[PDB]
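Chains as they are written, first to last, in the authors' numbering: chain M, 2 to 138, 146 to 423; chain Z, 2 to 181; chain H, 2 to 181; chain Y, 338 to 355; chain N, 6 to 26, 64 to 149, 175 to 204.
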Amino acid sequence: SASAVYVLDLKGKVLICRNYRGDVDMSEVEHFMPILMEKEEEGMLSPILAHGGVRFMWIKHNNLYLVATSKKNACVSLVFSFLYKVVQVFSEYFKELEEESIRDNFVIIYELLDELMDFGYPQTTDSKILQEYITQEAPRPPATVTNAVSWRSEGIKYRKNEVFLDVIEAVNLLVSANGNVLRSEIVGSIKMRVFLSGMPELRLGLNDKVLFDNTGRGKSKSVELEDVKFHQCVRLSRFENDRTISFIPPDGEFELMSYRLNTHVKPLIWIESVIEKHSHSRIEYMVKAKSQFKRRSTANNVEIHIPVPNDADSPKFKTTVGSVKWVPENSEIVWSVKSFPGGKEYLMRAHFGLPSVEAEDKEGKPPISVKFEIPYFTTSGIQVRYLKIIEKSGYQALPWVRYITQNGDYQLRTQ
Amino acid sequence: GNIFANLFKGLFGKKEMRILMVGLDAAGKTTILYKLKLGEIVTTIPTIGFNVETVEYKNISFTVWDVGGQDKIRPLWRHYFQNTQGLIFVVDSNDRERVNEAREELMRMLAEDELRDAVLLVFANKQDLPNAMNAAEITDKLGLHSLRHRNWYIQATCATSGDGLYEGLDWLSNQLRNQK
Amino acid sequence: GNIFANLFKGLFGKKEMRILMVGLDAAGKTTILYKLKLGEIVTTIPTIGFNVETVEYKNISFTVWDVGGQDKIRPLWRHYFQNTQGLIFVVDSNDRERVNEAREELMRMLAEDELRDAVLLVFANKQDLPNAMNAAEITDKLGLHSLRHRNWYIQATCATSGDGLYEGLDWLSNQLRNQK
Amino acid sequence: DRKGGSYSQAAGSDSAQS
Amino acid sequence: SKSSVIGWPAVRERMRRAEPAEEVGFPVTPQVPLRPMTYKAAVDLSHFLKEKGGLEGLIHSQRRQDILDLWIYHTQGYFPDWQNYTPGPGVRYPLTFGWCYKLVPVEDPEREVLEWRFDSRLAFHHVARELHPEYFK
Ligand SMILES: Nc1nc2c(ncn2[C@@H]2O[C@H](COP(=O)(O)OP(=O)(O)OP(=O)(O)O)[C@@H](O)[C@H]2O)c(=O)[nH]1
Ligand SMILES: Nc1nc2c(ncn2[C@@H]2O[C@H](COP(=O)(O)OP(=O)(O)OP(=O)(O)O)[C@@H](O)[C@H]2O)c(=O)[nH]1
Ligand SMILES: [Mg+2]
Ligand SMILES: [Mg+2]
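Here's what the structure looks like:
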């Protein structure tokens, strides 16, 4: 129940604001900046500010704070969802999120803000649907918004019906400094880039553990996703009844389903780090990386970030495989590897000096994070079975999909 | 099929072989690996992870992967069990308190059916103090004669001097290769 | 890459080297430094801070940084360890009571993991009174033979005259420079 | 080609489940 | 199918070697389509196995069935899930319609000895589906 959603800037200047209820004076935005400065300087800064009886909820964008003031006990979650939808719409319409576009497309920006929500109640959220009525370069509103299918525009015609899927894997590993992995969760991501003619209704079928058990085929390798969240086009009733994944695919790239379950397998990369840090004399980086993934798989663009000392200087690198570059901006050593075949073992020996003068304050021990990304690898073993592409006119579809395994929250606690 | 290329390669030497370096921390494994690779007494910080190097001797490229003996790194030796042909255990005769822990770790490592073709390789490190035992007392304490289907040999090597490493390398080559 | 310019520079002498000046207060360090740089005994007040100078001899610029022996300046020697390749120690054989303190300070300074590539350079100062010890009694008292991995050389120099300074410089050049 | 795993053809449904 | 014929002898030898009673990861060949076996494909595979032999009358075992499913997946891209047997006790009917192979007793259901038997009526009669309507959806 936000009173007015506004777009601010890094210097406190409001790029654009649009009142929806009018219950709060527009001059309250001036006090938002001092309140944020005080909260940050005292550690009490939070996304939802509070200026007396009015709460100033704001989120940090690429360059501006999307502040949405409110007065009553409105749905904070609803405000957050509206802000996320607005951010997605801005990203779709504007390729850049900075002050260069905020002051460059205000003519269409005002119309989009007016059309998106009214009186604090969001009404339009389809970026593709909104692009059919609001353009920066007007006809009646499309019937798709009025119709039940607001995620599949009818009448779309394509020369070919090719859909590019994406089996994106997220390997999140939380290895403590004691050597044990605490948080080992893998989040699936079934994203498809559908480009076909008409309004096809995808009939998804994969190797799910629940589906195999229900059909009686619970004996092969089936993925038991702890959390499975369908997209907007996905029908909740069909999945609730018999795990029937039937929905109308959108026009373009969209996230249909996203698996989320814990992992009980060994890490794909085993990283052993050593710290022979002399007392203000030198430091040793006994970093050893063991690839626990299958030898048939290669981790392309592997970047094992090793945090070096804050005041460290004059580093010397004695490694075996992979380029090592010390970036002073990040204050860490990135064990950069172009391609890392599975089962590889790379040994590195860092050595640098330290200033004689001791530091006045501690710097902390940031965790070691790697940026491995091995495509065409399915650690979870979930295999897609079929995708029921049905059209009223009738056409032969040629769906495509690629499985990509990358490194997510794969942080390693430092000693 | 024809195997003329294999015979031509073997006429000049083709076999390389492999090796593994495991043991307790501060057991001289890193120093032994450095001496095998370079031949100098190099000082290094404790091995948080592992070191992999190769040694060319007797026409065999004996690649040895050193592994530390840290508590958090002790269970990380299972990653090296894939595609492994040899295994070397480094004992610490100067650490009476850690002798039981080293023996338990060695028993746990040898109690895996995956590491079956790798013969036992025990090297007596820290052979510079009078407290070091002989080549039989350490074997008797470790019970190397009770390892069924395991070819174990005890060799004493001094990290500071480097003597005895050649005998251990020759024994490993003889165990790996059974030709002239 | 090409190293022709380096060879051309080294044809007439390119290596410079460094040096350090440590020891207790009133040990002849300032006078010794003045004699090495100028060639005369200059009377100076106690070294509250330090003296930095350079000397060109044998085509090598041996930079010398004097370090005091004050109680508040004793722990400041760690600052000079950075970017230091050489070190010269000046002993005070005329102070029997301060001999133990000097030996303890030398042992503490010799127990630094950063100062390892610098060999021992002991200068026997105050070699003009009958109470001054020989080149072996002082070394035996300080236990210079027990410094493992340290290239120590004992030289006796007279502050009033300057005998033996050239011998010490030649020994330092031979220890540092390993060419013809 | 393309980094992240080459695109592969997909079926229409579980032919083995009728 | 020359590749299927070549793989049939080795697969049969491996199945015979395995008695009736190491690498991690899920590598996938690039660009190889993956889908469940079809009824016509299952019928063709059953006919080929019957003609070449080594499948009819062989003692049913989990390891042999897994090896056969893996070989079929490698040679054709068919998921090793259509080669399922109906729940016991007694004769186990094929899970996928069109399959010509079934497991029958040869003498707890796990302790019963089963043998693969050819059945042409299986490709035309959904005996397993009739027995377990819930499993067929
Ligand atoms: N003085 C002396 N010390 C030895 C000798 N042999 C072994 N050591 C000790 O053993 C340690 C061996 O360290 P490294 O070989 O570099 O590493 P490591 O044996 O793999 O032990 P970790 O790094 O903890 O896994 C040294 O720090 C020595 O203190 C020896 O012959 N003489
Ligand atoms: N008479 C005489 N005195 C000497 C001789 N050598 C050293 N000394 C004494 O040692 C003292 C050393 O003075 P400096 O060399 O100028 O300074 P320093 O050695 O760095 O001593 P501090 O400045 O106090 O740290 C002098 O004051 C002398 O009294 C010597 O050969 N003859
Ligand atoms: Mg080591
Ligand atoms: Mg002085």
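Virtual Cβ for every residue (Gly too), placed ideally from N, Cα, C.
CB contact flag (residue i, residue j, <8 Å)
| i | j | result |
| --- | --- | --- |
| residue 199 of chain M | residue 161 of chain M | no |
| residue 234 of chain M | residue 186 of chain M | no |
| residue 64 of chain M | residue 10 of chain M | yes |
| residue 181 of chain N | residue 102 of chain N | yes |
| residue 71 of chain M | residue 4 of chain M | yes |
| residue 12 of chain N | residue 141 of chain N | no |
| residue 141 of chain M | residue 347 of chain M | In the model shown, chain M runs from 138 to 146 with nothing in between, leaving residue 141 of chain M without coordinates. |
| residue 352 of chain Y | residue 77 of chain N | yes |
| residue 156 of chain H | residue 168 of chain H | yes |
| residue 289 of chain M | residue 115 of chain H | yes |
| residue 332 of chain M | residue 344 of chain M | yes |
| residue 144 of chain N | residue 134 of chain N | yes |
| residue 315 of chain M | residue 374 of chain M | yes |
| residue 304 of chain M | residue 69 of chain N | yes |
| residue 410 of chain M | residue 174 of chain M | yes |
| residue 251 of chain M | residue 215 of chain M | no |
| residue 253 of chain M | residue 157 of chain M | no |
Element boundaries [beta strand (DSSP E), containing residue i]
| i | result |
| --- | --- |
| residue 199 of chain M | 189-203 |
| residue 152 of chain M | Premise fails: residue 152 of chain M lies in the alpha helix (DSSP H), 151-154, not in any beta strand (DSSP E). |
| residue 103 of chain H | Premise fails: residue 103 of chain H lies in the alpha helix (DSSP H), 97-111, not in any beta strand (DSSP E). |
| residue 253 of chain M | 253-255 |
| residue 408 of chain M | 408-415 |
| residue 19 of chain Z | 19-24 |
Nearest residue (CA-CA) to residue i, options the options
| i | options | result |
| --- | --- | --- |
| residue 91 of chain H | H:136, H:61, H:10 | H:136 |
| residue 40 of chain Z | Z:31, Z:116, Z:72 | Z:31 |
| residue 67 of chain H | H:8, H:179, H:21 | H:21 |
| residue 144 of chain Z | Z:108, Z:181, Z:168, Z:163 | Z:108 |
| residue 55 of chain M | M:415, M:42, M:32, M:46 | M:32 |
| residue 1 of chain Z | Z:60, Z:97, Z:117 | Nothing about residue 1 of chain Z can be reported from this structure: the residues present for chain Z run from 2 to 181 only. |
| residue 8 of chain M | M:87, M:404, M:152 | M:87 |
| residue 132 of chain Z | Z:97, Z:170, Z:113 | Z:97 |
| residue 150 of chain Z | Z:138, Z:112, Z:165 | Z:112 |
| residue 406 of chain M | Y:355, Y:345, Y:351, Y:352 | Y:345 |
| residue 47 of chain H | H:170, H:70, H:161, H:58 | H:70 |
| residue 298 of chain M | M:306, M:61, M:124 | M:306 |
| residue 259 of chain M | M:219, M:102, M:206, M:249 | M:206 |
| residue 83 of chain M | M:38, M:209, M:266, M:124 | M:124 |
| residue 178 of chain M | M:393, M:395, M:380 | M:380 |
Integer-rounded CB distance, given that residue j should sit under 8 Å from residue i
| i | j | result |
| --- | --- | --- |
| residue 264 of chain M | residue 212 of chain M | 7 Å |
| residue 54 of chain Z | residue 34 of chain Z | 6 Å |
| residue 125 of chain Z | residue 25 of chain Z | With a Cβ gap of about 13 Å, residue 125 of chain Z and residue 25 of chain Z do not count as contacting. |
| residue 19 of chain Z | residue 87 of chain Z | 6 Å |
| residue 23 of chain Z | residue 78 of chain Z | 6 Å |
| residue 62 of chain M | residue 36 of chain M | Incorrect: roughly 18 Å between the Cβ atoms, too far for contact. |
Bounding residues of the alpha helix (DSSP H) (the contiguous stretch that carries residue i)
| i | result |
| --- | --- |
| residue 35 of chain M | 30-43 |
| residue 7 of chain Z | 5-13 |
| residue 11 of chain N | 7-22 |
| residue 220 of chain M | 217-223 |
| residue 401 of chain M | No alpha helix (DSSP H) holds residue 401 of chain M; DSSP gives it neither H nor E. |
| residue 88 of chain N | 81-94 |
| residue 128 of chain M | 128-131 |
| residue 311 of chain M | Segment 306-314 is the beta strand (DSSP E) holding residue 311 of chain M; no alpha helix (DSSP H) there. |
| residue 100 of chain N | Where residue 100 of chain N is concerned, there is no enclosing alpha helix (DSSP H), given that its DSSP letter is neither H nor E. |
| residue 249 of chain M | 244-250 |
| residue 108 of chain N | 104-118 |
| residue 198 of chain N | 194-198 |
Ordered list of alpha helix (DSSP H) runs contained in the segment 26-83 of chain H, each at least 4 residues: Taking only runs of at least 4 residues, the alpha helix (DSSP H) segments lying wholly in the segment 26-83 of chain H are 30-38, 78-81.
Continuous alpha helix (DSSP H) assignments of at least 4 residues falling wholly in the segment 117-170 of chain Z: If we require 4 residues or more, the alpha helix (DSSP H) runs fully inside the segment 117-170 of chain Z come out as 138-143.
Contained beta strand (DSSP E) runs [length at least 3] in the segment 38-123 of chain M, N- to C-terminal order: Residue ranges of uninterrupted beta strand (DSSP E) with 3 or more members, entirely inside the segment 38-123 of chain M and ordered along the chain, are 49-52, 55-61, 66-71.
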